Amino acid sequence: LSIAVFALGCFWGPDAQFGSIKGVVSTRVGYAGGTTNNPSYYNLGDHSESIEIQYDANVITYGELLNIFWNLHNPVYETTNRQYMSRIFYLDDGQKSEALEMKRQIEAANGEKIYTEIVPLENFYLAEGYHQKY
């Protein structure tokens, strides 16, 4: 086969991953709950670092996105910690239906338990930049 070798450096990109997809028009990093009150960077409670993906469903579907999401990480570890967990926050019953569905597939396909949690999007805070001091 052929071989390419690239170094990305530091100026990427948990959002750049999804942003590079055909049909997603913008992405924002944010913190998604979860119903813990008053999350902070010091204590996120049940909120998780998340990507809000605004996409044109005439170009990609929610199931195609689901597919790339699952190929972009390896959620085969038991972990209680909301912050290290693979999570899907559904916005409707359809997304949820679709997300439970493909999870079942993948688990069969390989046998492994997949630990992605399916929970409704109840809160979403944009990420704040750190305050500069002068």
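Numbers follow the displayed sequence, beginning with 1.
- As the entry records it, the average C-alpha temperature factor is higher for 103-111, out of 103-111 and 84-92.
- Here 15-23 and 114-122 are compared by their mean Cα B-factor, and 114-122 comes out higher.
- Among 43, 61, 67, 37, the highest C-alpha B-factor in the deposited entry belongs to 37.
- Reading the B-factor column for the CA atoms of 56, 98, 78, 49 in the entry, the top value corresponds to 78.
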